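Counting from 1, one number per residue, gives the positions in the sequence shown under the deposited numbering.
All C-beta atoms, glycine included, are put in the ideal place defined by N, C-alpha and C.
All remarks here apply to the structure that follows.
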Amino acid sequence: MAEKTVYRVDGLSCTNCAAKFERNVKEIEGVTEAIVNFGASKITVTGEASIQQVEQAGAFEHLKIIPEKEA
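Okay, structure coming up:
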């Protein structure tokens, strides 16, 4: 009852690449929204999908994204 998540991402540092990313996410039919910061931050995904799909997309620059966990 929320179906939104954010994962921590590191490596790339350019708004244009962030824009490439969020659009790459939007292309996936599994997600509704995505809010992707990069630089030294995180990648929010919302809809009904997980980083994995975005991970594949991120192969354009080879990013490393980590699902945060505390438990």
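Express the C-alpha separation of residue j and residue i in angstroms, rounding to a whole number.
i   : j   : result
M1  : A49 : 14 Å
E70 : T5  : 14 Å
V9  : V54 : 11 Å
Figure out for me which residue from the options has the closest Cα to the Cα of residue i.
i   : options               : result
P67 : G47, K42 and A19      : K42
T44 : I28, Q53, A34 and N24 : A34
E61 : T5, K69, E3 and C17   : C17
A57 : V25, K69 and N37      : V25
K20 : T46, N37, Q52 and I65 : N37
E27 : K64, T15, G47 and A40 : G47
With 16 as the cutoff for other CB atoms within 10 Å, does residue i come out buried or exposed?
i   : result
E22 : buried
Give me whichever residues DSSP pairs with residue i in a beta bridge.
i   : result
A34 : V45
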